[PDB]
Amino acid sequence: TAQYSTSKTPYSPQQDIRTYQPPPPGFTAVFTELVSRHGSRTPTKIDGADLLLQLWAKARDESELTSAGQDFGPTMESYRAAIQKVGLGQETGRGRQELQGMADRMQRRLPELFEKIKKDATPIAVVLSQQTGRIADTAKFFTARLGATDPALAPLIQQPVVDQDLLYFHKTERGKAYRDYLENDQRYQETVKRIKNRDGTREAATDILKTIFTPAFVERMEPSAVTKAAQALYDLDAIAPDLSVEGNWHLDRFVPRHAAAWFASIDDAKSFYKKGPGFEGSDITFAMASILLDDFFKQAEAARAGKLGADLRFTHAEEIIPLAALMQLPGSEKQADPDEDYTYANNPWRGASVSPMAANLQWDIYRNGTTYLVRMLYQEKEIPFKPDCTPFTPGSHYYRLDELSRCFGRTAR
């Protein structure tokens, strides 16, 4: 969907659902549960577009524009207007499409389950991090899709409730130790300063601006201004795919690919330490997410009682990223050696794969007799659990629920 957008990468499901593993003989879907980031969105701040527009205007007035720079003013004005029409930090039309596709594949993947839910009249729960905004709209896209397809399901979908400890823990008191770490830990702060002062930023920043402005114009700017405007342009280039329904402004014209890759790698490095697996032997960045892993288990165990048909949760990257680090999901299994800073070369973690827009985790809970199995979807790819969890059969993506409780330390056996 996009090559160097790290956590702005628009959502694409990572496996065709016709190629999921079939459930073992006589097992049937009895419960499913989901946590999802919001869909694609606009930038939360318009200030970078304006800095660039003001910068472009001065250069226009001085006749210091490149040939392609001529169309920057018109392009960015159009982009900015489209952003403001949707509203800053709001779901785009692509975010709507992302969540509708998730609902579609969920209903197509578990048709027997929704048959049961209607048959039992059990509720489908909708839980949010916040009452309003792009989180609430994200949920609504999904649930109105469930109901447009299956109008007999609609009266069973509950009204949304907010659980900030479960779905907003980086802001609640659950994240207090975490936030104090970001603010005061000297190893962390020095590592982020090291990332920020990587040699390369200045050259990539000048390469970005040189698509629009003459090199003499660039040289007249203050160096810190060069970096700030280039960061802004790259950020806006990076999120442009989120607005694909609203337009195509061809912003790659102004952000050379090697420079895009450079800024992407800086963002991933910072995000790895701030929100991802971070340093070897420390869980400071993701232990807060235990409440969310807990709930995936609690709800699955509670399916036995049969009072809930499904559980749909909606949240931010700041919950999904630590949930993945905590479960050691693919891409989040390698913490950093304090003596070897994260790079693309030595670590598989990437914003774009761990936490694109609408990044989501789903568990399908199957039942035969009183045996309960779980199958995990991550970005709708069927994935194994961490390797000390034993699958139901050799090579299976299905796991005994009491195996998962055991291997996650929740029970002894």
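Residues numbered from 1 in each chain as written, not as in the entry; some residues may be left out. Heavy atoms only, no water.

As deposited, the entry is annotated with X-ray crystallography as its determination method and 2.05 Å as its resolution.

Looking up the protein chain in the PDB entry gives the name Multiple inositol-polyphosphate phosphatase, with the organism given as Amycolatopsis jejuensis.

**Q** Is there a simple way to think about the state of the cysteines in this case?
**A** Linking two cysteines covalently through their sulfur atoms gives a disulfide. Scanning the model with the defined rule gives one disulfide in all. One disulfide bridge connects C389 with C407, the sulfur atoms lying 2.1 Å from each other. Across the disulfide from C389 to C407, rotation about the S-S bond amounts to roughly 85°, and the bridge is consequently right-handed. Highlighted residues: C389 in the loop between strand 7 (381–383) and strand 8 (398–400) and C407 in helix 16 (residues 401–407), separated in sequence by 18 residues. In this pair, the class of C389 matches that of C407, namely buried. (Disulfide = S-S within 2.5 Å. Helix = DSSP H or I, 4+ residues; strand = E, 2+ residues; numbered from the N terminus. Buried < 20%, exposed > 50% of the residue type's maximum accessible area, 1.4 Å probe, protein only.)

**Q** Where do I start with the pattern of salt bridges in this structure?
**A** Close approach of charged atoms allows side chains of opposite charge to pair. Evaluated as defined, the whole model comprises 27 salt bridges. Among the ionic pairs, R18 bridges to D16, the shortest N-O distance being 3.1 Å. What makes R18 exposed here is its relative accessible area of 75%. Its salt-bridge partner being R313, residue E33 comes within 2.7 Å of it at the nearest N-O pair. One end of the pair, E33, is in strand 1 (residues 28–37); the other, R313, is in strand 4 (residues 310–315), and 280 residues separate them in sequence. Since its relative accessible area comes to 0%, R313 is described here as buried. Three or more residues joined by partner-sharing salt bridges are found here, namely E33, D295, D311 and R313. (Salt bridge = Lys/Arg side-chain N within 4 Å of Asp/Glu carboxyl O.)

**Q** How do you make sense of the environment of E403 when you look at a structure like this?
**A** Secondary-structure assignment places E403 in helix 16. Between the C-alpha atom of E403 and that of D388, which follows or precedes it by 15 residues, the distance is 9.9 Å. In contact with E403, not counting residues within four places along its chain, are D388, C389 and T390. Of the polar contacts made by the side chain of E403, one reaches the backbone nitrogen of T390; its length is 2.9 Å. (Contact = heavy atoms within 4.5 Å. Polar contact = N/O pair within 3.5 Å; in protein donor to acceptor, adjacent residues only side chain to side chain.)

**Q** Sorry, what's going on with helix 5 (residues 134–149) here?
**A** Working note: α-helix, 3.6 residues per turn, so residues spaced by three or four point in the same direction. Counted at 1.5 Å a residue, the expected span for helix 5 with its 16 residues is 22 Å, and the 23 Å between its end C-alpha atoms agrees. Along helix 5, the positions that sit buried rather than exposed are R134, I135, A136, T138, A139, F141, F142, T143, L146 and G147. Lining the buried residues of helix 5 we find strand 1, helix 3 (93–109), strand 2 (124–128) and strand 4. (Expected span 1.5 Å × (residues − 1).)

**Q** Please clarify how the packing of aromatic side chains should be interpreted in this entry.
**A** Both the distance between ring centres and the angle between the ring planes are used here to describe each pair of aromatic rings. In this structure the tally under the stated criterion is 19 aromatic pairs. Ring centres of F385 and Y399 lie 4.9 Å apart, and the angle between their planes is 70°; this geometry places the pair in the edge-to-face category. Residue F385 is found in the loop between strand 7 and strand 8, and its partner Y399 is found in strand 8; the two are separated by 14 residues along the sequence. On the accessibility criterion, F385 (6% relative accessible area) is buried. A residue is classified by how much of its surface remains accessible, and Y399, at 2% relative accessible area, is buried. Taken together, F272, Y273, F279, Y342, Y344 and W349 form an aromatic cluster joined through their ring pairs. Above the face of the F279 ring, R187 is positioned so that its terminal group lies 3.9 Å from the ring centre. The ring of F296 is capped by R313, whose NZ or CZ atom sits 4.3 Å from the centre of that ring. (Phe/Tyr/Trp six-rings, centres within 6.5 Å; stacked < 30°, edge-to-face > 60°. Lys NZ or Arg CZ within 6 Å of the ring centre and 35° of its normal.)

**Q** Help me out: how do you make sense of the side chain of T9 in this one?
**A** Relative to the elements of secondary structure, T9 occurs in the segment before strand 1. At 2.6 Å, the side chain of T9 and the backbone oxygen of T6 are in polar contact. Here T9 is in contact with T1, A2, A352, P356 and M357, once residues within four sequence places are set aside.

**Q** Honestly, the packing of helix 9 (residues 201–209) against helix 11 (residues 223–239) in this entry has me stumped. Any pointers?
**A** Relative orientation and spacing of two packed helices are given, respectively, by the angle between their axes and the distance between those axes. Interaxial distance between helix 9 and helix 11 falls to 9 Å at its minimum, and their mutual angle equals 65°. On the basis of their axis angle, the class for helix 9 and helix 11 is roughly perpendicular. The hand of the helix 9/helix 11 crossing is left-handed. Facing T201, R202, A205, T206, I208 and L209 of helix 9, the residues of helix 11 in contact are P223, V226, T227, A229, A230, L233 and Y234. Of the residues in the contact of helix 9 with helix 11, the class split is nine nonpolar, three polar and one charged. (Axes fitted to C-alpha atoms, helices over the stretch in contact; angles between N-to-C directions. Parallel < 35°, antiparallel > 145°, perpendicular 65-115°, else oblique. Left-handed = near helix turned anticlockwise from the far one by under 90°. Nonpolar A, V, L, I, M, F, W, Y, C, P; charged D, E, K, R; others polar.)

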